[PDB]
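So for the sequence shown, the deposited numbering puts the first residue at 1; every next one is plus one. Note that beta-carbon positions come from the ideal geometry of N, C-alpha and C, so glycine has one too.
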Amino acid sequence: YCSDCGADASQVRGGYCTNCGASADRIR
């Protein structure tokens with residue numbers, strides 16, 4: 001999941017969370 005907004009990790013592309021724009025690093 002994204003720690004910044006809670007999105008499912010499957011929503012990360014291109015180095016970012018595609019919901020809130022968080023960096024890849026914030027995915028846990």
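Nearest to residue 15 (by Cα), restricted to the options 8, 9, 23: In terms of Cα proximity to residue 15, the closest of 8, 9, 23 is 23.
Using the DSSP secondary-structure output, state which residues sit across from residue 26 in a beta bridge. Within the DSSP secondary-structure output, residue 26 pairs in no beta bridge.
In chain order, what residues of the same chain lie with their CB nearer than 6 angstroms to the CB of residue 18, ignoring the 5 residues before and after it? Cβ within range, chain order: 11.
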